[PDB]
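Below: one structure, written as structure tokens.
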Amino acid sequence: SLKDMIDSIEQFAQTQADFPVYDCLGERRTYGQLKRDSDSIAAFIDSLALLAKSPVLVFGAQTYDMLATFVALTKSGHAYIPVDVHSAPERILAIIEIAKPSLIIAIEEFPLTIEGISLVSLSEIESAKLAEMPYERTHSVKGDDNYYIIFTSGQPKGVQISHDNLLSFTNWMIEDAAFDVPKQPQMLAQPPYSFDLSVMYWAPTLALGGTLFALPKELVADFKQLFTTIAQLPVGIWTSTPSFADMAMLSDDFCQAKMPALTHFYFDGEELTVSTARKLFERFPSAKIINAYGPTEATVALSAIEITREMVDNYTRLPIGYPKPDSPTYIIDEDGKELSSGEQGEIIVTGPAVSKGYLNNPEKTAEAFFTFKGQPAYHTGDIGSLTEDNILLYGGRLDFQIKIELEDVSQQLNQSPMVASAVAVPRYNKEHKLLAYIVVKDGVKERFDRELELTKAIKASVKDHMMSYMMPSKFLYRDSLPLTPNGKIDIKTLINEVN
């Protein structure tokens, strides 16, 4: 049972000083270096005489200095706000208005000028590391103090995760049979620090003293090379969105033979498709696949389960798994009434992993955060249900249960032997409403004179399992789907594209 994230990495600094905590295509850093580097940055932070416990915005990609800096802020009692190098300047500016950081640490070149706030760059950090100052933790973040603030993706909200929030996620994850995390795990680090899925690699990794394998900023660009460089890393564990795995599927190198070391896939953030999973079993016969689910507002994930071939062969949708023992999760009616097994309603999460709320936004906190049986609770905005087995099943976003949930129509379509992926979207006219974007498997377009014949053909492929009222009317064909900065299918965009 983990007690303090920092205490942990501090031990590994005594216990396995020269073991690698970080690797970027071969340039490595060790637990001993992480301790000294972060001790010295901490010292530099304290010398800046920032207001106690103020948050600090850390802007960069996924280099070692990002992590060293995060650890230094935690040591010196500051929550960090991670902002990725690719985020839109308006997003950055909005984040800065909401969070009112006392300092900006631009570990990559800051793309803006913001007067009124202290700004420090990479050179200051490197100069602090080079100075090797000593550090004693007198005012680290502990308990209910913010550990990090992650901004959501509408208009942005700042989710406050406390050290206690964090420990509850991490302690579950490393004790969970599904995840089954090995000692000193060797984990890919593909998700950006601005997205909370990244916690799913750095927390268990730092807690179990493994190594993070990070990729350079410019490989994020070209996908042919990306997946070829990833291929060469001795990574044991792949953590990403399912859409990112779908992209990996287009590479010859994404397979057992080229990635002999790969034992586990951890997915969160997005519906894991039956088809994606089947395909993963094609390329990695021996790999285990873990589906996990949770909102940012409850620390990364609240449930998880192993995916089997039994499930892939049989099910329409994949399960999102067993809720964690310390975070009681409930399904509720629209009236607030808890539902018995099997009925569908809003997923509600409770317990010590629930965020204390949205930084400086009490209206939105009051709307989503409430007390359920005297336990702090969060409205997920997700529809699902609970099995007798205590297994969460996913229906979809409340925003998209349009009565059925668009998500269901979508997965019923993905069942077509002709469809690569589909998304059912509605058309609006006065705030008044059934279509679907389709990408077909390759070599399908060419088998067909016109769109109508293709549409009739697709619609016949799925008819015997699709209720009549759930079959959309017009299909809109594209060659791929738009992807959000965080590796997700951009549903919002697709619904706007059809006004």
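The chains in the structure tokens are called A, B, ... from first to last as shown; in each chain the residues are counted from 1, and the ligands are counted from 1 in the order shown.
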Identify all residues of region 74-149 of chain A in helix (DSSP H, G or I) (DSSP on the backbone) and supply them as a PyMOL selection string. chain A and resi 74-75+89-98+122-131
Surrounding residues of region 431-437 of chain A excluding itself and chain neighbours under 4 positions, 8 Å, only C-alpha atoms, as a PyMOL selection string: chain A and resi 410+422-427+471-478+494
Set the distance at 12 Å and use only C-alpha atoms: which residues neighbour residue 295 (chain A) once local chain neighbours fewer than 3 positions away are removed? I'd like the list as an mmCIF file with N, CA, C and O atoms, in the first residue's frame.
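As a result, out.cif now contains:
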data_model
loop_
_atom_site.group_PDB
_atom_site.id
_atom_site.type_symbol
_atom_site.label_atom_id
_atom_site.label_comp_id
_atom_site.auth_asym_id
_atom_site.auth_seq_id
_atom_site.Cartn_x
_atom_site.Cartn_y
_atom_site.Cartn_z
ATOM 1 N N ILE A 150 -5.464 19.119 -14.319
ATOM 2 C CA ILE A 150 -5.581 18.818 -15.727
ATOM 3 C C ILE A 150 -6.816 19.466 -16.346
ATOM 4 O O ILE A 150 -7.907 19.444 -15.788
ATOM 5 N N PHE A 151 -6.621 20.075 -17.500
ATOM 6 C CA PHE A 151 -7.713 20.722 -18.147
ATOM 7 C C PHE A 151 -8.369 19.821 -19.143
ATOM 8 O O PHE A 151 -7.734 19.136 -19.923
ATOM 9 N N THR A 152 -9.680 19.815 -19.043
ATOM 10 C CA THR A 152 -10.580 19.053 -19.871
ATOM 11 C C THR A 152 -10.652 19.613 -21.291
ATOM 12 O O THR A 152 -10.059 20.642 -21.578
ATOM 13 N N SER A 153 -11.405 18.962 -22.179
ATOM 14 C CA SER A 153 -11.614 19.479 -23.556
ATOM 15 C C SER A 153 -13.019 20.077 -23.825
ATOM 16 O O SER A 153 -13.714 20.571 -22.909
ATOM 17 N N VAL A 159 -9.523 20.294 -13.658
ATOM 18 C CA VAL A 159 -9.744 19.256 -12.678
ATOM 19 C C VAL A 159 -8.576 19.149 -11.684
ATOM 20 O O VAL A 159 -7.434 18.913 -12.084
ATOM 21 N N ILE A 161 -6.581 17.307 -8.970
ATOM 22 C CA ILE A 161 -6.337 15.979 -8.396
ATOM 23 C C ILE A 161 -5.413 16.126 -7.225
ATOM 24 O O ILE A 161 -4.334 16.674 -7.373
ATOM 25 N N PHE A 169 -6.072 6.143 -7.010
ATOM 26 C CA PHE A 169 -5.916 5.554 -8.363
ATOM 27 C C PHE A 169 -4.719 4.611 -8.383
ATOM 28 O O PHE A 169 -4.843 3.458 -8.816
ATOM 29 N N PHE A 195 -2.958 15.238 -20.960
ATOM 30 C CA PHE A 195 -4.085 14.309 -20.991
ATOM 31 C C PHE A 195 -3.878 13.343 -19.819
ATOM 32 O O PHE A 195 -2.740 12.888 -19.570
ATOM 33 N N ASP A 196 -4.922 13.023 -19.070
ATOM 34 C CA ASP A 196 -4.660 12.329 -17.800
ATOM 35 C C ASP A 196 -4.401 10.832 -17.936
ATOM 36 O O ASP A 196 -3.998 10.153 -16.990
ATOM 37 N N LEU A 197 -4.638 10.333 -19.127
ATOM 38 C CA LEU A 197 -4.247 9.008 -19.449
ATOM 39 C C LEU A 197 -2.756 8.829 -19.174
ATOM 40 O O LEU A 197 -2.304 7.715 -18.918
ATOM 41 N N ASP A 268 -7.730 3.348 -22.315
ATOM 42 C CA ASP A 268 -8.674 4.164 -21.585
ATOM 43 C C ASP A 268 -8.992 5.352 -22.479
ATOM 44 O O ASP A 268 -8.242 5.650 -23.385
ATOM 45 N N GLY A 269 -10.105 6.025 -22.238
ATOM 46 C CA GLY A 269 -10.359 7.320 -22.846
ATOM 47 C C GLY A 269 -11.415 7.312 -23.931
ATOM 48 O O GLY A 269 -11.937 8.364 -24.292
ATOM 49 N N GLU A 270 -11.750 6.117 -24.419
ATOM 50 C CA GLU A 270 -12.497 5.959 -25.658
ATOM 51 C C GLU A 270 -13.014 4.527 -25.746
ATOM 52 O O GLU A 270 -12.360 3.611 -25.266
ATOM 53 N N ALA A 292 -10.188 -0.064 -19.625
ATOM 54 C CA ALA A 292 -10.363 0.623 -18.376
ATOM 55 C C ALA A 292 -11.145 1.856 -18.702
ATOM 56 O O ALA A 292 -11.117 2.316 -19.837
ATOM 57 N N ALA A 298 -12.384 11.684 -11.662
ATOM 58 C CA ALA A 298 -12.236 10.655 -10.648
ATOM 59 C C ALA A 298 -10.885 9.960 -10.745
ATOM 60 O O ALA A 298 -10.785 8.774 -10.500
ATOM 61 N N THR A 299 -9.858 10.714 -11.138
ATOM 62 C CA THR A 299 -8.498 10.227 -11.239
ATOM 63 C C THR A 299 -8.331 9.081 -12.243
ATOM 64 O O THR A 299 -8.103 7.933 -11.869
ATOM 65 N N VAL A 300 -8.427 9.429 -13.539
ATOM 66 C CA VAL A 300 -7.915 8.584 -14.639
ATOM 67 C C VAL A 300 -8.815 7.391 -15.006
ATOM 68 O O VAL A 300 -9.286 7.294 -16.149
ATOM 69 N N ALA A 301 -9.022 6.484 -14.055
ATOM 70 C CA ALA A 301 -9.973 5.355 -14.215
ATOM 71 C C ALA A 301 -10.625 4.931 -12.901
ATOM 72 O O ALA A 301 -10.033 5.017 -11.835
ATOM 73 N N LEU A 302 -11.842 4.428 -13.009
ATOM 74 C CA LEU A 302 -12.583 3.937 -11.866
ATOM 75 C C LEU A 302 -12.894 2.438 -12.028
ATOM 76 O O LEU A 302 -13.341 1.787 -11.097
ATOM 77 N N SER A 303 -12.587 1.879 -13.192
ATOM 78 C CA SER A 303 -12.869 0.472 -13.441
ATOM 79 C C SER A 303 -11.966 -0.028 -14.529
ATOM 80 O O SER A 303 -11.363 0.765 -15.242
ATOM 81 N N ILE A 347 -24.068 6.785 -14.930
ATOM 82 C CA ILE A 347 -22.985 6.343 -14.044
ATOM 83 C C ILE A 347 -22.567 7.476 -13.079
ATOM 84 O O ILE A 347 -22.370 8.626 -13.496
ATOM 85 N N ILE A 348 -22.452 7.118 -11.796
ATOM 86 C CA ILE A 348 -22.155 8.024 -10.687
ATOM 87 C C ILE A 348 -20.984 7.405 -9.917
ATOM 88 O O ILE A 348 -21.031 6.215 -9.551
ATOM 89 N N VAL A 349 -19.934 8.197 -9.690
ATOM 90 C CA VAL A 349 -18.733 7.727 -8.993
ATOM 91 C C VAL A 349 -18.533 8.471 -7.675
ATOM 92 O O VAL A 349 -18.779 9.687 -7.580
ATOM 93 N N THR A 350 -18.120 7.717 -6.654
ATOM 94 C CA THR A 350 -17.976 8.257 -5.311
ATOM 95 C C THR A 350 -16.642 7.818 -4.729
ATOM 96 O O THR A 350 -15.976 6.922 -5.272
ATOM 97 N N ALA A 353 -11.138 9.066 -4.694
ATOM 98 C CA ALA A 353 -10.511 9.454 -5.951
ATOM 99 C C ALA A 353 -11.275 10.590 -6.674
ATOM 100 O O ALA A 353 -10.794 11.175 -7.645
ATOM 101 N N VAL A 354 -12.453 10.937 -6.173
ATOM 102 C CA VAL A 354 -13.210 12.044 -6.738
ATOM 103 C C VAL A 354 -12.507 13.380 -6.448
ATOM 104 O O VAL A 354 -12.205 13.685 -5.306
ATOM 105 N N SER A 355 -12.283 14.165 -7.503
ATOM 106 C CA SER A 355 -11.730 15.508 -7.418
ATOM 107 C C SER A 355 -12.569 16.374 -6.540
ATOM 108 O O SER A 355 -13.769 16.182 -6.442
ATOM 109 N N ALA A 368 -21.845 19.432 -11.324
ATOM 110 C CA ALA A 368 -21.401 18.044 -11.519
ATOM 111 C C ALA A 368 -21.014 17.330 -10.237
ATOM 112 O O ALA A 368 -21.060 16.113 -10.201
ATOM 113 N N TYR A 378 -19.617 12.353 -8.210
ATOM 114 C CA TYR A 378 -19.517 13.026 -9.502
ATOM 115 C C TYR A 378 -20.458 12.430 -10.568
ATOM 116 O O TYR A 378 -20.492 11.221 -10.779
ATOM 117 N N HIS A 379 -21.205 13.307 -11.229
ATOM 118 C CA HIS A 379 -21.980 12.958 -12.431
ATOM 119 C C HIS A 379 -21.049 12.698 -13.619
ATOM 120 O O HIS A 379 -20.459 13.627 -14.131
ATOM 121 N N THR A 380 -20.927 11.464 -14.084
ATOM 122 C CA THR A 380 -19.996 11.188 -15.165
ATOM 123 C C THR A 380 -20.473 11.781 -16.470
ATOM 124 O O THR A 380 -19.666 12.104 -17.350
ATOM 125 N N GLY A 381 -21.793 11.907 -16.605
ATOM 126 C CA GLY A 381 -22.407 12.291 -17.875
ATOM 127 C C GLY A 381 -22.405 11.119 -18.840
ATOM 128 O O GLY A 381 -22.679 11.307 -20.026
ATOM 129 N N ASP A 382 -22.060 9.927 -18.333
ATOM 130 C CA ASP A 382 -22.087 8.678 -19.094
ATOM 131 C C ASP A 382 -23.316 7.810 -18.743
ATOM 132 O O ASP A 382 -23.670 7.668 -17.573
ATOM 133 N N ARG A 397 -22.418 8.754 -24.167
ATOM 134 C CA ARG A 397 -22.580 10.070 -23.576
ATOM 135 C C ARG A 397 -24.030 10.441 -23.507
ATOM 136 O O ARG A 397 -24.793 10.208 -24.465
#
Which polymer residues have any atom within 7 Å of an atom of residue 265 (chain A), counting only C-alpha atoms, with same-chain residues fewer than 3 positions away left out, as a list in words? residues 237, 238, 239, 288, 289 and 290 of chain A
Those residues with N, CA and C atoms, as an mmCIF file, in the first residue's frame please?
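And here's out36.cif as it stands now:
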data_model
loop_
_atom_site.group_PDB
_atom_site.id
_atom_site.type_symbol
_atom_site.label_atom_id
_atom_site.label_comp_id
_atom_site.auth_asym_id
_atom_site.auth_seq_id
_atom_site.Cartn_x
_atom_site.Cartn_y
_atom_site.Cartn_z
ATOM 1 N N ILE A 237 4.789 -2.664 -21.993
ATOM 2 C CA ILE A 237 3.413 -2.232 -21.791
ATOM 3 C C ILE A 237 3.092 -1.046 -22.661
ATOM 4 N N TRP A 238 1.968 -1.152 -23.344
ATOM 5 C CA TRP A 238 1.538 -0.101 -24.250
ATOM 6 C C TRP A 238 0.258 0.487 -23.683
ATOM 7 N N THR A 239 0.312 1.768 -23.365
ATOM 8 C CA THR A 239 -0.813 2.497 -22.822
ATOM 9 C C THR A 239 -1.214 3.560 -23.842
ATOM 10 N N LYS A 288 -1.980 -9.557 -23.442
ATOM 11 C CA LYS A 288 -3.183 -9.394 -22.664
ATOM 12 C C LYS A 288 -3.689 -7.995 -22.918
ATOM 13 N N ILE A 289 -5.009 -7.848 -22.948
ATOM 14 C CA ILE A 289 -5.633 -6.582 -23.281
ATOM 15 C C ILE A 289 -6.494 -6.114 -22.146
ATOM 16 N N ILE A 290 -6.262 -4.869 -21.709
ATOM 17 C CA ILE A 290 -6.988 -4.293 -20.589
ATOM 18 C C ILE A 290 -7.755 -3.051 -21.014
#
Polymer residues at most 9 Å from residue 454 (chain A), only C-alpha atoms, same-chain spacing of 6 or more positions, as a list in words: residues 444, 445, 447 and 448 of chain A
Give me, as a ChimeraX atom specification, the residues of region 160-272 of chain A that a backbone DSSP run labels strand (DSSP E or B). /A:160-162,186-188,211-214,237-240,264-267
Residues within 7 Å of region 208-213 of chain A, please, as a ChimeraX atom specification. Count only C-alpha atoms; anything in the same chain fewer than 6 positions from it doesn't count. /A:12,20-24,183-189
Spatial neighbours of residue 311 (chain A), max dist 10 Å, only C-alpha atoms, sep filter under 6 positions, as a VMD selection string: chain A and resid 274 277 to 278 317 to 319
Could you check which of A:256, A:190, A:30, A:54 is closest to residue 231 (chain A), using only C-alpha atoms? A:256
List as JSON lines every residue of region 343-407 of chain A that is in contact with region 81-97 of chain A, defined as an atom at most 12 Å from one of its atoms (using only C-alpha atoms), together with the nearest atom pair and the distance in Å rounded to one decimal, sorted by chain and then rising number.
{"residue": "A:358", "atom": "CA", "partner": "A:95", "partner_atom": "CA", "distance": 12.0}
{"residue": "A:359", "atom": "CA", "partner": "A:95", "partner_atom": "CA", "distance": 10.2}
{"residue": "A:360", "atom": "CA", "partner": "A:97", "partner_atom": "CA", "distance": 9.9}
{"residue": "A:361", "atom": "CA", "partner": "A:97", "partner_atom": "CA", "distance": 11.5}
Using the selection just defined, write its residues with C-alpha atoms as a short mmCIF file (atom, residue, chain, number, x, y, z; two decimals), in the first residue's frame.
data_model
loop_
_atom_site.label_atom_id
_atom_site.label_comp_id
_atom_site.auth_asym_id
_atom_site.auth_seq_id
_atom_site.Cartn_x
_atom_site.Cartn_y
_atom_site.Cartn_z
CA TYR A 358 -13.04 22.56 -11.00
CA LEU A 359 -10.38 25.15 -10.28
CA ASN A 360 -12.07 28.54 -9.83
CA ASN A 361 -15.38 27.45 -11.38
#
The distance between CA of residue 340 (chain A) and CA of residue 323 (chain A) is 15.8 Å
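A straight line drawn from CA of residue 41 (chain A) to CA of residue 101 (chain A) is 17.4 Å long.
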